[PDB]
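Undergrad: would you be able to build a 3D model of this:
(one chain, ligands or ions: 1)
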Amino acid sequence: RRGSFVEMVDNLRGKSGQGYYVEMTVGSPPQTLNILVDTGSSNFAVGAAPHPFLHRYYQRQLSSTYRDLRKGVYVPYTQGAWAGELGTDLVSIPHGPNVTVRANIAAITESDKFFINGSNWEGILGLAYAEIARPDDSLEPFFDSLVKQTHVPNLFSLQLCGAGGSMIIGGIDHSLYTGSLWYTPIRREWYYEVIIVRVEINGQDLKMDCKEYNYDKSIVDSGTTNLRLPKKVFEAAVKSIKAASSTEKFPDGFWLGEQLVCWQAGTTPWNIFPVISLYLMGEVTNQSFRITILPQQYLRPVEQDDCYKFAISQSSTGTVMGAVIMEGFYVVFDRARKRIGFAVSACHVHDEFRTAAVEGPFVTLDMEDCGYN
Ligand SMILES: CN(c1cc(C(=O)N[C@@H](Cc2ccccc2)[C@H](O)CNC2CC2)cc(C(=O)c2ccccc2)c1)S(C)(=O)=O
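TA: Numbers count the residues shown, from 1 in each chain. For reference, the structure is listed below:
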């Protein structure tokens, strides 16, 4: 009993459904903080001043290795924003690779609706590319620094286990998934952009031009909770999901995420809700594969009553495959080969009748036209 990357297994945690974080130690002497893993941004930032929702924070004056870059930085997200100061310091991940690097670090001094009460994390690790980094692409992201300064392979993988998980850095651990890994191309290196070519609800094609699914863009984002879909796609998806679950009716607000519905302790009729499938462009011409999630992924619990929120929402900035999608699979961010792999997660939540799935190959033509330009 062991495994090459065994020490990195189960290195993620998450209080409630407020993100997944990994421990990271910065400065000298050591200052360890809980850092949110976010493939939807590219800045490494940590609370650096007292905040009502922070149990601890980065104290630069106590780190002898801290170097001030004398430059401010501001980062607005879909939800929240923070202001800070840039610098560099030594950074290691105790339950990650056995190395230490000097990386850029944004010390968060002011913030608005960023930190979350009870989340237990004090910072964020932007794992996306330099293109979307702030102030600009010259600020090298953490993973770029890790790869350039060490022998760590340019690849990381995530297994987010819903109701923490594993972030394998420099490789893959075969105990985190079952079946085979299917890869989709990273269309462009900024966000982890991918291309969705078909969508089905309980096997039924949504029947929309694939251009709508990627209108603007489609990305894999561990920092976003929901499966966010473009306006038109959202409306059509909701209509189909409602039709598929017609056995029982729910208020309009439920589908909008404004109303919660609770069931008796351990009585949620998962069987009445449909499974959702997204077909992704494959690595061979005209070949695709599909990933399928269950209501256990898109209906998220809320703090003897089990309350849930419909976690598929609308977006005006493209499709965002957030935690709702990632919690059903082991996702491999193979930066080295510009591709993202998906495999059924060994820890995903399911029941005795259904399971998440990754199947292929399928034949899909003109997938190149699905992308937005
Ligand atoms: C709009 N949605 C949404 C967006 C975001 C959000 O903006 N997350 C940012 C990181 C980010 C992380 C933490 C706090 C602020 C910003 C990502 O970099 C965003 N990615 C950019 C391309 C999308 C967070 C949550 C969230 O509730 C959440 C809380 C704690 C940890 C992880 C996720 C929910 S939604 C309701 O549709 O799911």
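Undergrad: CA atoms for contacts and neighbours, from now on please.
TA: Noted.
Undergrad: what residues does the stretch 251-373 of the chain put near the ligand?
TA: Counting by Cα under 6 Å from any ligand atom, the residues of the stretch 251-373 of the chain close to the ligand are residue 313.
Undergrad: residue of the stretch 251-373 of the chain closest to the ligand, please.
TA: Going by Cα to the nearest ligand atom, the ligand is nearest to residue 313 of the stretch 251-373 of the chain, at 5.7 Å.
Undergrad: in a strand, that residue, correct?
TA: Yes - under DSSP: H, G, I helix; E, B strand; the rest coil, residue 313 falls within a strand.
Undergrad: return stretch 23-38 as PDB; C-alpha atoms alone will do.
TA: Taking Å, rounded to 0.1, in the frame of the first residue of the first chain, the C-alpha atoms of stretch 23-38 are listed here in PDB:
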ATOM      1  CA  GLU A  23      -2.100  24.500   2.500                       C
ATOM      2  CA  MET A  24       0.700  26.700   1.200                       C
ATOM      3  CA  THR A  25       3.700  28.000   3.300                       C
ATOM      4  CA  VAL A  26       5.100  31.400   2.500                       C
ATOM      5  CA  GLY A  27       8.000  33.400   3.700                       C
ATOM      6  CA  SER A  28      10.800  32.700   6.300                       C
ATOM      7  CA  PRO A  29      10.300  31.700   9.000                       C
ATOM      8  CA  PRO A  30       7.300  29.600   7.800                       C
ATOM      9  CA  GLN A  31       3.800  31.200   7.500                       C
ATOM     10  CA  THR A  32       1.300  28.600   6.400                       C
ATOM     11  CA  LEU A  33      -2.100  29.600   5.000                       C
ATOM     12  CA  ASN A  34      -5.100  27.900   3.500                       C
ATOM     13  CA  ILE A  35      -5.300  28.800  -0.200                       C
ATOM     14  CA  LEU A  36      -8.300  28.400  -2.500                       C
ATOM     15  CA  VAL A  37      -7.400  26.500  -5.700                       C
ATOM     16  CA  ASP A  38      -8.700  28.500  -8.700                       C
END
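Undergrad: other residues contacting it?
TA: 11-12, 19-22, 46, 56-58, 60, 62-66, 89-95, 120-128, 221-223 (Cα atoms under 8 Å, 6 or more residues apart in numbering).
Undergrad: what is the strand or helix carrying residue 167 packed up against?
TA: Taking DSSP states H and E as the definition, residue 167 sits inside strand 165-169. On a contact count with 3 or more Cα pairs under 8 Å, 6 or more residues apart in numbering; DSSP states H and E, strand 165-169 meets strand 12-13, strand 156-160.
Undergrad: so how far is the first one off the chain centroid?
TA: From the chain centre to the centre of strand 12-13 is a distance of 13 Å (Cα atoms, centre = their mean, to the nearest Å).
Undergrad: what of stretch 215-223?
TA: Using Cα atoms, centre = their mean, the offset of stretch 215-223 from its chain centre is 9 Å.
Undergrad: what residues are up against the closest residue to residue 109 other than its chain neighbours?
TA: Leaving out its chain neighbours, the residue that sits closest to residue 109 by Cα to Cα, 6 or more residues apart in numbering is residue 84, at 5.1 Å. The neighbours of residue 84, taking Cα under 8 Å, 6+ apart as the test, are 72, 73, 74, 106, 107, 108, 109, 110.
Undergrad: what of residue 66?
TA: In this structure, residue 66 makes contact with 27, 60, 87, 88, 89, 90, judged by Cα under 8 Å, 6+ apart.
Undergrad: thinking again about what came up before, out of the contacts of residue 84, flag the one nearest to residue 371.
TA: Using Cα to Cα, the shortest approach to residue 371 within those belongs to residue 74, at 30.1 Å.
Undergrad: so residue 183: helix, strand or coil?
TA: Taking three-state DSSP, the label given to residue 183 is strand.
Undergrad: over to residue 241?
TA: helix.
Undergrad: the helices in the stretch 251-373 of the chain, which residues?
TA: Counting by DSSP state H, counting those that start in this stretch, the segments of the stretch 251-373 of the chain that form helices are 252-255, 295-298, 323-326.
Undergrad: counting by contacts, list what the last one packs against.
TA: Spelled out, that is helix 323-326. Helices and strands touching helix 323-326, by 3+ Cα pairs under 8 Å, 6+ apart, are strand 156-160, strand 227-230, helix 295-298.
Undergrad: contact residues of the stretch 101-250 of the chain facing the ligand?
TA: 114, 223, 224, 225, 226, 228.
Undergrad: next up, the contacts around the fifth one.
TA: Just to be clear, that refers to residue 226. Residue 226 touches 298, 311, 312, 313, 320, 321, 322, 323, 324, 325, counting by Cα under 8 Å, 6+ apart.
Undergrad: from residue 219, how far off is the third one?
TA: Remark: distance between residue 312 and residue 219 (Cα to Cα, to the nearest Å) = 15 Å.
Undergrad: of the two, which one has the most company?
TA: More crowded of residue 312 and residue 219, by other Cα atoms under 10 Å: residue 312, with 26 against 23.
Undergrad: care to break this structure down by domain?
TA: 20-152, 153-373 (curated CATH domains).
Undergrad: TSV please, covering those and showing distance to residue 5.
TA: Converted to TSV, those look like this (distance: least, Cα to Cα, whole Å):
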stretch	distance to residue 5
domain 20-152	9
domain 153-373	6
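Undergrad: any idea how far residue 104 lies from residue 72?
TA: The gap separating residue 104 from residue 72 is 12 Å, by Cα to Cα.
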